[PDB]
$ cat final.cif   # mmCIF, N, CA and C atoms
data_target
loop_
_atom_site.group_PDB
_atom_site.id
_atom_site.type_symbol
_atom_site.label_atom_id
_atom_site.label_comp_id
_atom_site.auth_asym_id
_atom_site.auth_seq_id
_atom_site.Cartn_x
_atom_site.Cartn_y
_atom_site.Cartn_z
ATOM 1 N N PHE A 1 147.667 107.327 125.143
ATOM 2 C CA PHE A 1 147.134 108.597 125.614
ATOM 3 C C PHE A 1 148.321 109.464 125.998
ATOM 4 N N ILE A 2 148.575 110.501 125.206
ATOM 5 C CA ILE A 2 149.697 111.388 125.478
ATOM 6 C C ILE A 2 149.317 112.304 126.632
ATOM 7 N N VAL A 3 150.061 112.211 127.732
ATOM 8 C CA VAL A 3 149.714 112.891 128.968
ATOM 9 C C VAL A 3 150.892 113.736 129.427
ATOM 10 N N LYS A 4 150.612 114.610 130.386
ATOM 11 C CA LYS A 4 151.637 115.213 131.219
ATOM 12 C C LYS A 4 151.139 115.195 132.651
ATOM 13 N N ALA A 5 152.032 114.867 133.577
ATOM 14 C CA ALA A 5 151.697 114.988 134.986
ATOM 15 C C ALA A 5 151.306 116.427 135.288
ATOM 16 N N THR A 6 150.161 116.597 135.957
ATOM 17 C CA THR A 6 149.665 117.928 136.289
ATOM 18 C C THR A 6 150.725 118.795 136.952
ATOM 19 N N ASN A 7 151.712 118.182 137.598
ATOM 20 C CA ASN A 7 152.798 118.898 138.250
ATOM 21 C C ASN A 7 154.128 118.217 137.960
ATOM 22 N N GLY A 8 154.309 117.743 136.729
ATOM 23 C CA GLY A 8 155.522 117.052 136.362
ATOM 24 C C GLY A 8 155.691 116.897 134.865
ATOM 25 N N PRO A 9 156.592 116.002 134.461
ATOM 26 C CA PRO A 9 156.845 115.796 133.028
ATOM 27 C C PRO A 9 155.704 115.103 132.302
ATOM 28 N N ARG A 10 155.912 114.826 131.020
ATOM 29 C CA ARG A 10 154.880 114.299 130.143
ATOM 30 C C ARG A 10 155.216 112.882 129.702
ATOM 31 N N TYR A 11 154.169 112.083 129.500
ATOM 32 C CA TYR A 11 154.317 110.674 129.162
ATOM 33 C C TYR A 11 153.143 110.255 128.290
ATOM 34 N N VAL A 12 153.181 109.003 127.832
ATOM 35 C CA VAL A 12 152.107 108.428 127.025
ATOM 36 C C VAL A 12 151.842 107.022 127.550
ATOM 37 N N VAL A 13 150.687 106.824 128.190
ATOM 38 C CA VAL A 13 150.301 105.527 128.744
ATOM 39 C C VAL A 13 148.844 105.232 128.405
ATOM 40 N N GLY A 14 148.325 104.114 128.919
ATOM 41 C CA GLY A 14 146.967 103.693 128.662
ATOM 42 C C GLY A 14 146.103 103.693 129.914
ATOM 43 N N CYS A 15 144.850 103.284 129.720
ATOM 44 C CA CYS A 15 143.899 103.140 130.810
ATOM 45 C C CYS A 15 144.017 101.745 131.417
ATOM 46 N N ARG A 16 143.325 101.540 132.544
ATOM 47 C CA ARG A 16 143.355 100.236 133.265
ATOM 48 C C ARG A 16 142.582 99.199 132.444
ATOM 49 N N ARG A 17 141.254 99.193 132.573
ATOM 50 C CA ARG A 17 140.423 98.294 131.784
ATOM 51 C C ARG A 17 139.200 98.955 131.163
ATOM 52 N N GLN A 18 138.481 99.759 131.946
ATOM 53 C CA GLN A 18 137.140 100.188 131.560
ATOM 54 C C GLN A 18 136.851 101.603 132.028
ATOM 55 N N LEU A 19 137.791 102.515 131.828
ATOM 56 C CA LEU A 19 137.555 103.906 132.185
ATOM 57 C C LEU A 19 136.682 104.635 131.171
ATOM 58 N N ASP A 20 136.154 103.916 130.179
ATOM 59 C CA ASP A 20 135.207 104.450 129.200
ATOM 60 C C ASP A 20 135.819 105.605 128.403
ATOM 61 N N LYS A 21 136.821 105.251 127.591
ATOM 62 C CA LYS A 21 137.463 106.198 126.685
ATOM 63 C C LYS A 21 136.459 107.008 125.882
ATOM 64 N N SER A 22 135.240 106.485 125.709
ATOM 65 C CA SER A 22 134.174 107.198 125.011
ATOM 66 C C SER A 22 134.099 108.655 125.451
ATOM 67 N N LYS A 23 133.866 108.883 126.740
ATOM 68 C CA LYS A 23 133.861 110.246 127.253
ATOM 69 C C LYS A 23 135.253 110.767 127.575
ATOM 70 N N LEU A 24 136.284 109.933 127.474
ATOM 71 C CA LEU A 24 137.626 110.320 127.898
ATOM 72 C C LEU A 24 138.390 110.873 126.702
ATOM 73 N N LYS A 25 138.620 112.179 126.710
ATOM 74 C CA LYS A 25 139.299 112.896 125.646
ATOM 75 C C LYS A 25 140.249 113.895 126.285
ATOM 76 N N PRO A 26 141.262 114.361 125.543
ATOM 77 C CA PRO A 26 142.178 115.374 126.087
ATOM 78 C C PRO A 26 141.470 116.516 126.792
ATOM 79 N N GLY A 27 141.778 116.698 128.073
ATOM 80 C CA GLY A 27 141.151 117.736 128.864
ATOM 81 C C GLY A 27 140.499 117.222 130.131
ATOM 82 N N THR A 28 139.849 116.064 130.057
ATOM 83 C CA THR A 28 139.216 115.501 131.239
ATOM 84 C C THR A 28 140.269 115.079 132.258
ATOM 85 N N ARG A 29 139.914 115.190 133.533
ATOM 86 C CA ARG A 29 140.835 114.825 134.599
ATOM 87 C C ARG A 29 140.814 113.319 134.811
ATOM 88 N N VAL A 30 142.001 112.727 134.914
ATOM 89 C CA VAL A 30 142.152 111.299 135.133
ATOM 90 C C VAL A 30 143.107 111.085 136.297
ATOM 91 N N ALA A 31 143.181 109.838 136.741
ATOM 92 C CA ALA A 31 144.197 109.396 137.681
ATOM 93 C C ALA A 31 145.177 108.482 136.958
ATOM 94 N N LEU A 32 146.281 108.176 137.629
ATOM 95 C CA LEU A 32 147.377 107.446 137.013
ATOM 96 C C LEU A 32 147.818 106.305 137.915
ATOM 97 N N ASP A 33 148.490 105.333 137.308
ATOM 98 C CA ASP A 33 149.014 104.207 138.064
ATOM 99 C C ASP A 33 150.194 104.639 138.920
ATOM 100 N N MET A 34 150.274 104.055 140.115
ATOM 101 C CA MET A 34 151.462 104.215 140.940
ATOM 102 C C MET A 34 152.697 103.705 140.212
ATOM 103 N N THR A 35 152.611 102.500 139.651
ATOM 104 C CA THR A 35 153.782 101.868 139.056
ATOM 105 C C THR A 35 154.017 102.341 137.626
ATOM 106 N N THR A 36 153.074 102.063 136.731
ATOM 107 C CA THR A 36 153.277 102.273 135.305
ATOM 108 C C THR A 36 152.671 103.573 134.798
ATOM 109 N N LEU A 37 152.145 104.414 135.687
ATOM 110 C CA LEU A 37 151.525 105.694 135.366
ATOM 111 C C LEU A 37 150.257 105.524 134.539
ATOM 112 N N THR A 38 149.871 104.294 134.211
ATOM 113 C CA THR A 38 148.691 104.066 133.393
ATOM 114 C C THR A 38 147.451 104.635 134.064
ATOM 115 N N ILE A 39 146.493 105.039 133.237
ATOM 116 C CA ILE A 39 145.275 105.648 133.747
ATOM 117 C C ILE A 39 144.478 104.596 134.505
ATOM 118 N N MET A 40 144.212 104.864 135.780
ATOM 119 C CA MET A 40 143.445 103.951 136.615
ATOM 120 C C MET A 40 142.008 104.399 136.818
ATOM 121 N N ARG A 41 141.750 105.705 136.761
ATOM 122 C CA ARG A 41 140.413 106.239 136.980
ATOM 123 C C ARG A 41 140.324 107.696 136.545
ATOM 124 N N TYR A 42 139.368 108.017 135.683
ATOM 125 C CA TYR A 42 139.071 109.408 135.391
ATOM 126 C C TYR A 42 137.987 109.894 136.339
ATOM 127 N N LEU A 43 137.960 111.201 136.561
ATOM 128 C CA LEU A 43 137.088 111.778 137.570
ATOM 129 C C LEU A 43 136.664 113.160 137.109
ATOM 130 N N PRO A 44 135.579 113.700 137.665
ATOM 131 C CA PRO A 44 135.153 115.051 137.290
ATOM 132 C C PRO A 44 136.227 116.082 137.603
ATOM 133 N N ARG A 45 136.127 117.220 136.927
ATOM 134 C CA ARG A 45 137.139 118.254 137.039
ATOM 135 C C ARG A 45 137.098 118.905 138.421
ATOM 136 N N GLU A 46 138.037 119.820 138.639
ATOM 137 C CA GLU A 46 138.162 120.512 139.910
ATOM 138 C C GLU A 46 136.944 121.397 140.166
ATOM 139 N N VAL A 47 136.908 121.983 141.360
ATOM 140 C CA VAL A 47 135.793 122.828 141.770
ATOM 141 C C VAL A 47 136.227 124.206 142.239
ATOM 142 N N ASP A 48 137.552 124.409 142.228
ATOM 143 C CA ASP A 48 138.253 125.674 142.578
ATOM 144 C C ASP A 48 137.729 126.234 143.902
ATOM 145 N N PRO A 49 138.214 125.741 145.071
ATOM 146 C CA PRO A 49 137.797 126.145 146.435
ATOM 147 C C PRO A 49 136.945 127.410 146.641
ATOM 148 N N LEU A 50 137.401 128.552 146.112
ATOM 149 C CA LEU A 50 136.638 129.825 146.164
ATOM 150 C C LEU A 50 135.193 129.563 145.720
ATOM 151 N N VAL A 51 134.955 128.627 144.786
ATOM 152 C CA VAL A 51 133.559 128.408 144.419
ATOM 153 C C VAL A 51 132.776 127.878 145.611
ATOM 154 N N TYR A 52 133.327 126.875 146.298
ATOM 155 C CA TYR A 52 132.677 126.366 147.499
ATOM 156 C C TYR A 52 132.499 127.464 148.536
ATOM 157 N N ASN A 53 133.468 128.375 148.634
ATOM 158 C CA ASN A 53 133.316 129.517 149.525
ATOM 159 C C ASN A 53 132.139 130.391 149.121
ATOM 160 N N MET A 54 131.779 130.395 147.840
ATOM 161 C CA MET A 54 130.598 131.096 147.361
ATOM 162 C C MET A 54 129.498 130.137 146.924
ATOM 163 N N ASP B 1 196.738 60.036 87.295
ATOM 164 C CA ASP B 1 196.250 58.736 87.830
ATOM 165 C C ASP B 1 194.720 58.694 87.740
ATOM 166 N N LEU B 2 194.186 57.895 86.811
ATOM 167 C CA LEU B 2 192.715 57.768 86.628
ATOM 168 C C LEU B 2 192.140 56.903 87.755
ATOM 169 N N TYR B 3 192.967 56.022 88.326
ATOM 170 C CA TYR B 3 192.529 55.128 89.431
ATOM 171 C C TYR B 3 193.073 55.661 90.761
ATOM 172 N N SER B 4 193.239 56.984 90.854
ATOM 173 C CA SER B 4 193.761 57.629 92.089
ATOM 174 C C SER B 4 193.314 59.095 92.141
ATOM 175 N N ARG B 5 193.968 59.961 91.359
ATOM 176 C CA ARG B 5 193.634 61.410 91.325
ATOM 177 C C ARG B 5 192.126 61.584 91.105
ATOM 178 N N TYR B 6 191.606 61.046 89.996
ATOM 179 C CA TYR B 6 190.159 61.154 89.666
ATOM 180 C C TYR B 6 189.319 60.658 90.849
ATOM 181 N N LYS B 7 189.663 59.482 91.382
ATOM 182 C CA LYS B 7 188.924 58.888 92.529
ATOM 183 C C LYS B 7 189.048 59.807 93.750
ATOM 184 N N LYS B 8 190.248 60.349 93.985
ATOM 185 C CA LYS B 8 190.488 61.233 95.119
ATOM 186 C C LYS B 8 189.614 62.476 95.088
ATOM 187 N N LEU B 9 188.968 62.764 93.957
ATOM 188 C CA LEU B 9 188.097 63.924 93.846
ATOM 189 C C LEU B 9 186.901 63.858 94.786
ATOM 190 N N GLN B 10 186.559 62.676 95.299
ATOM 191 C CA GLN B 10 185.472 62.547 96.258
ATOM 192 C C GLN B 10 185.949 62.526 97.701
ATOM 193 N N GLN B 11 187.262 62.447 97.932
ATOM 194 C CA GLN B 11 187.785 62.336 99.289
ATOM 195 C C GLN B 11 187.418 63.527 100.162
ATOM 196 N N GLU B 12 186.938 64.619 99.570
ATOM 197 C CA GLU B 12 186.596 65.822 100.313
ATOM 198 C C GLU B 12 185.232 66.389 99.950
ATOM 199 N N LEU B 13 184.703 66.055 98.771
ATOM 200 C CA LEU B 13 183.415 66.593 98.358
ATOM 201 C C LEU B 13 182.288 66.129 99.270
ATOM 202 N N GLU B 14 182.465 65.012 99.977
ATOM 203 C CA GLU B 14 181.433 64.574 100.912
ATOM 204 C C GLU B 14 181.274 65.567 102.058
ATOM 205 N N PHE B 15 182.374 65.907 102.741
ATOM 206 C CA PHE B 15 182.289 66.938 103.771
ATOM 207 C C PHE B 15 181.870 68.266 103.163
ATOM 208 N N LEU B 16 182.318 68.540 101.935
ATOM 209 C CA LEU B 16 181.868 69.736 101.233
ATOM 210 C C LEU B 16 180.346 69.811 101.197
ATOM 211 N N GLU B 17 179.706 68.743 100.721
ATOM 212 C CA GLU B 17 178.255 68.733 100.599
ATOM 213 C C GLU B 17 177.588 68.722 101.966
ATOM 214 N N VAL B 18 178.234 68.116 102.963
ATOM 215 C CA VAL B 18 177.659 68.110 104.305
ATOM 216 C C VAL B 18 177.608 69.522 104.869
ATOM 217 N N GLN B 19 178.676 70.293 104.682
ATOM 218 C CA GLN B 19 178.661 71.669 105.170
ATOM 219 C C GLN B 19 177.737 72.539 104.330
ATOM 220 N N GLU B 20 177.666 72.275 103.023
ATOM 221 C CA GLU B 20 176.702 72.977 102.184
ATOM 222 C C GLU B 20 175.280 72.712 102.660
ATOM 223 N N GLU B 21 175.023 71.496 103.141
ATOM 224 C CA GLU B 21 173.756 71.192 103.792
ATOM 225 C C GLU B 21 173.592 72.003 105.068
ATOM 226 N N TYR B 22 174.570 71.906 105.970
ATOM 227 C CA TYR B 22 174.452 72.515 107.287
ATOM 228 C C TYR B 22 174.269 74.021 107.214
ATOM 229 N N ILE B 23 174.764 74.659 106.152
ATOM 230 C CA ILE B 23 174.517 76.086 105.986
ATOM 231 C C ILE B 23 173.020 76.354 105.898
ATOM 232 N N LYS B 24 172.242 75.387 105.406
ATOM 233 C CA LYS B 24 170.801 75.597 105.284
ATOM 234 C C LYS B 24 170.116 75.531 106.646
ATOM 235 N N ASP B 25 170.379 74.469 107.413
ATOM 236 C CA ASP B 25 169.801 74.383 108.750
ATOM 237 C C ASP B 25 170.295 75.514 109.638
ATOM 238 N N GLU B 26 171.483 76.044 109.363
ATOM 239 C CA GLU B 26 171.940 77.164 110.166
ATOM 240 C C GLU B 26 171.328 78.472 109.704
ATOM 241 N N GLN B 27 171.036 78.609 108.412
ATOM 242 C CA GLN B 27 170.142 79.669 107.972
ATOM 243 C C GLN B 27 168.846 79.615 108.763
ATOM 244 N N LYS B 28 168.293 78.411 108.911
ATOM 245 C CA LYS B 28 167.077 78.230 109.699
ATOM 246 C C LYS B 28 167.277 78.693 111.139
ATOM 247 N N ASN B 29 168.363 78.244 111.768
ATOM 248 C CA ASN B 29 168.617 78.585 113.162
ATOM 249 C C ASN B 29 168.789 80.089 113.338
ATOM 250 N N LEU B 30 169.618 80.704 112.495
ATOM 251 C CA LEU B 30 169.840 82.140 112.585
ATOM 252 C C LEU B 30 168.562 82.911 112.302
ATOM 253 N N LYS B 31 167.697 82.387 111.431
ATOM 254 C CA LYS B 31 166.395 83.008 111.236
ATOM 255 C C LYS B 31 165.579 82.962 112.514
ATOM 256 N N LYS B 32 165.562 81.805 113.180
ATOM 257 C CA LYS B 32 164.934 81.718 114.494
ATOM 258 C C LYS B 32 165.451 82.819 115.405
ATOM 259 N N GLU B 33 166.773 82.942 115.489
ATOM 260 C CA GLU B 33 167.373 83.909 116.402
ATOM 261 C C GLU B 33 167.011 85.336 116.014
ATOM 262 N N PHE B 34 166.981 85.625 114.715
ATOM 263 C CA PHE B 34 166.631 86.964 114.259
ATOM 264 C C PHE B 34 165.183 87.285 114.585
ATOM 265 N N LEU B 35 164.299 86.299 114.447
ATOM 266 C CA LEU B 35 162.917 86.492 114.858
ATOM 267 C C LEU B 35 162.829 86.747 116.354
ATOM 268 N N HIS B 36 163.632 86.028 117.139
ATOM 269 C CA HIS B 36 163.695 86.293 118.573
ATOM 270 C C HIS B 36 164.092 87.738 118.835
ATOM 271 N N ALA B 37 165.140 88.198 118.153
ATOM 272 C CA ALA B 37 165.599 89.573 118.308
ATOM 273 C C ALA B 37 164.491 90.559 117.972
ATOM 274 N N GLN B 38 163.891 90.412 116.789
ATOM 275 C CA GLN B 38 162.815 91.306 116.377
ATOM 276 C C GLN B 38 161.672 91.292 117.382
ATOM 277 N N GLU B 39 161.402 90.129 117.975
ATOM 278 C CA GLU B 39 160.432 90.047 119.059
ATOM 279 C C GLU B 39 160.849 90.933 120.226
ATOM 280 N N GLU B 40 162.058 90.720 120.740
ATOM 281 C CA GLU B 40 162.548 91.479 121.883
ATOM 282 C C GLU B 40 162.744 92.958 121.576
ATOM 283 N N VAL B 41 162.662 93.353 120.303
ATOM 284 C CA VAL B 41 162.876 94.746 119.921
ATOM 285 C C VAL B 41 161.899 95.655 120.656
ATOM 286 N N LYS B 42 160.606 95.360 120.542
ATOM 287 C CA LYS B 42 159.554 96.214 121.093
ATOM 288 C C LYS B 42 158.487 95.356 121.763
ATOM 289 N N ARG B 43 158.773 94.869 122.968
ATOM 290 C CA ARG B 43 157.741 94.215 123.768
ATOM 291 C C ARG B 43 157.619 94.753 125.185
ATOM 292 N N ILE B 44 158.701 95.230 125.799
ATOM 293 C CA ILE B 44 158.625 95.882 127.099
ATOM 294 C C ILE B 44 158.153 97.318 126.971
ATOM 295 N N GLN B 45 158.268 97.890 125.781
ATOM 296 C CA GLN B 45 158.421 99.324 125.619
ATOM 297 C C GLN B 45 157.155 99.929 125.022
ATOM 298 N N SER B 46 157.165 101.251 124.869
ATOM 299 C CA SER B 46 156.104 102.028 124.236
ATOM 300 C C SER B 46 154.866 102.110 125.117
ATOM 301 N N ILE B 47 154.872 101.439 126.264
ATOM 302 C CA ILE B 47 153.746 101.585 127.185
ATOM 303 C C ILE B 47 153.979 102.765 128.132
ATOM 304 N N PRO B 48 155.085 102.839 128.913
ATOM 305 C CA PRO B 48 155.298 104.039 129.731
ATOM 306 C C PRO B 48 156.185 105.067 129.043
ATOM 307 N N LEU B 49 155.834 105.480 127.829
ATOM 308 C CA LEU B 49 156.713 106.342 127.044
ATOM 309 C C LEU B 49 156.715 107.743 127.635
ATOM 310 N N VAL B 50 157.797 108.093 128.327
ATOM 311 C CA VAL B 50 157.944 109.445 128.843
ATOM 312 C C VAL B 50 158.329 110.382 127.705
ATOM 313 N N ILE B 51 157.987 111.657 127.864
ATOM 314 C CA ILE B 51 158.140 112.648 126.805
ATOM 315 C C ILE B 51 159.151 113.694 127.247
ATOM 316 N N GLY B 52 160.171 113.903 126.421
ATOM 317 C CA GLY B 52 161.067 115.032 126.566
ATOM 318 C C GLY B 52 160.989 115.903 125.332
ATOM 319 N N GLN B 53 162.139 116.207 124.730
ATOM 320 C CA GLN B 53 162.184 116.867 123.429
ATOM 321 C C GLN B 53 163.597 116.799 122.867
ATOM 322 N N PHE B 54 163.724 116.601 121.559
ATOM 323 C CA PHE B 54 165.043 116.596 120.944
ATOM 324 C C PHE B 54 165.693 117.965 121.078
ATOM 325 N N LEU B 55 167.005 117.977 121.298
ATOM 326 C CA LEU B 55 167.750 119.225 121.233
ATOM 327 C C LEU B 55 168.881 119.186 120.218
#

$ encode --input "final.cif" --output "structure tokens"
Amino acid sequence: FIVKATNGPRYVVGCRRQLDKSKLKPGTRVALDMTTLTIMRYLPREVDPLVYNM
Amino acid sequence: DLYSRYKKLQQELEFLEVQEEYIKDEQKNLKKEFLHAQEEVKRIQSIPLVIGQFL
């Protein structure tokens, strides 16, 4: 999975075990491993604070 | 000397053939080592592949 840190450089790593690559495609928000940067958990996208304000 | 020179022709061909043999088992050994190398070529790597760019 060719990635870039949302606030850093770019890398290519894999998922943990069962993050369900089925729905996981370029664009969805994921988490990364502390050690190997590997994907540990994907999660829903942001909510952009101002939306909660409205 | 037919009972010396001719006979002396084997005084070294034995070690000759022994080393000609050993070259085969050492082909085997070096093949083992080359397979080890090819193994170690790409086993730690390609998992945390960071991305830059050629310049």

$ closest_residue --input "final.cif" --among "A:43, A:13, A:54, A:34" --to "chain B" --atoms "all atoms listed in the file"
A:13

$ closest_atom_pairs --input "final.cif" --of "chain B" --to "chain A" --cutoff "7 Å" --atoms "all atoms listed in the file" --output "Markdown table"
| residue | atom | partner | partner_atom | distance |
| --- | --- | --- | --- | --- |
| B:46 | C | A:12 | C | 6.3 |
| B:47 | C | A:13 | CA | 4.6 |
| B:48 | C | A:12 | C | 5.0 |
| B:49 | C | A:12 | N | 3.8 |
| B:50 | CA | A:11 | CA | 3.8 |
| B:51 | N | A:10 | C | 3.5 |
| B:52 | N | A:10 | C | 6.0 |

$ atom_distance --input "final.cif" --atom1 "CA of residue 31 (chain A)" --atom2 "CA of residue 49 (chain A)"
20.0 Å

$ resolve_selection --input "final.cif" --expression "the PyMOL selection byres (((chain A and resi 40 and name CA) around 9) and name CA)" --output "mmCIF file with N, CA and C atoms, keeping the file's coordinate frame"
data_model
loop_
_atom_site.group_PDB
_atom_site.id
_atom_site.type_symbol
_atom_site.label_atom_id
_atom_site.label_comp_id
_atom_site.auth_asym_id
_atom_site.auth_seq_id
_atom_site.Cartn_x
_atom_site.Cartn_y
_atom_site.Cartn_z
ATOM 1 N N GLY A 14 148.325 104.114 128.919
ATOM 2 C CA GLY A 14 146.967 103.693 128.662
ATOM 3 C C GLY A 14 146.103 103.693 129.914
ATOM 4 N N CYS A 15 144.850 103.284 129.720
ATOM 5 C CA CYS A 15 143.899 103.140 130.810
ATOM 6 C C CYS A 15 144.017 101.745 131.417
ATOM 7 N N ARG A 16 143.325 101.540 132.544
ATOM 8 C CA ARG A 16 143.355 100.236 133.265
ATOM 9 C C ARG A 16 142.582 99.199 132.444
ATOM 10 N N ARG A 17 141.254 99.193 132.573
ATOM 11 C CA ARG A 17 140.423 98.294 131.784
ATOM 12 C C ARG A 17 139.200 98.955 131.163
ATOM 13 N N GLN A 18 138.481 99.759 131.946
ATOM 14 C CA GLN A 18 137.140 100.188 131.560
ATOM 15 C C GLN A 18 136.851 101.603 132.028
ATOM 16 N N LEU A 19 137.791 102.515 131.828
ATOM 17 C CA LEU A 19 137.555 103.906 132.185
ATOM 18 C C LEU A 19 136.682 104.635 131.171
ATOM 19 N N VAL A 30 142.001 112.727 134.914
ATOM 20 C CA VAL A 30 142.152 111.299 135.133
ATOM 21 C C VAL A 30 143.107 111.085 136.297
ATOM 22 N N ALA A 31 143.181 109.838 136.741
ATOM 23 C CA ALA A 31 144.197 109.396 137.681
ATOM 24 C C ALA A 31 145.177 108.482 136.958
ATOM 25 N N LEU A 32 146.281 108.176 137.629
ATOM 26 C CA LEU A 32 147.377 107.446 137.013
ATOM 27 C C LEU A 32 147.818 106.305 137.915
ATOM 28 N N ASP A 33 148.490 105.333 137.308
ATOM 29 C CA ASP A 33 149.014 104.207 138.064
ATOM 30 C C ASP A 33 150.194 104.639 138.920
ATOM 31 N N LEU A 37 152.145 104.414 135.687
ATOM 32 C CA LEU A 37 151.525 105.694 135.366
ATOM 33 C C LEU A 37 150.257 105.524 134.539
ATOM 34 N N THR A 38 149.871 104.294 134.211
ATOM 35 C CA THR A 38 148.691 104.066 133.393
ATOM 36 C C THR A 38 147.451 104.635 134.064
ATOM 37 N N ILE A 39 146.493 105.039 133.237
ATOM 38 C CA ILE A 39 145.275 105.648 133.747
ATOM 39 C C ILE A 39 144.478 104.596 134.505
ATOM 40 N N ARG A 41 141.750 105.705 136.761
ATOM 41 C CA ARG A 41 140.413 106.239 136.980
ATOM 42 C C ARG A 41 140.324 107.696 136.545
ATOM 43 N N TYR A 42 139.368 108.017 135.683
ATOM 44 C CA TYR A 42 139.071 109.408 135.391
ATOM 45 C C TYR A 42 137.987 109.894 136.339
#

$ axis_aligned_box --input "final.cif" --around "region 22-28 of chain B" --padding-each-side "5 Å" --output "AutoDock Vina command-line options"
--center_x 170.9 --center_y 75.8 --center_z 108.2 --size_x 17.7 --size_y 17.8 --size_z 15.9

$ select_by_dssp --input "final.cif" --residues "region 2-54 of chain A" --states "helix (DSSP H, G or I)" --output "VMD selection string"
chain A and resid 50 to 53

$ write_last_selection --input "final.cif" --atoms "N, CA and C atoms" --output "PDB file, keeping the file's coordinate frame"
ATOM      1  N   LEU A  50     137.401 128.552 146.112  1.00  0.00           N
ATOM      2  CA  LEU A  50     136.638 129.825 146.164  1.00  0.00           C
ATOM      3  C   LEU A  50     135.193 129.563 145.720  1.00  0.00           C
ATOM      4  N   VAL A  51     134.955 128.627 144.786  1.00  0.00           N
ATOM      5  CA  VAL A  51     133.559 128.408 144.419  1.00  0.00           C
ATOM      6  C   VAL A  51     132.776 127.878 145.611  1.00  0.00           C
ATOM      7  N   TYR A  52     133.327 126.875 146.298  1.00  0.00           N
ATOM      8  CA  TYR A  52     132.677 126.366 147.499  1.00  0.00           C
ATOM      9  C   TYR A  52     132.499 127.464 148.536  1.00  0.00           C
ATOM     10  N   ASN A  53     133.468 128.375 148.634  1.00  0.00           N
ATOM     11  CA  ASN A  53     133.316 129.517 149.525  1.00  0.00           C
ATOM     12  C   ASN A  53     132.139 130.391 149.121  1.00  0.00           C
TER      13      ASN A  53
END
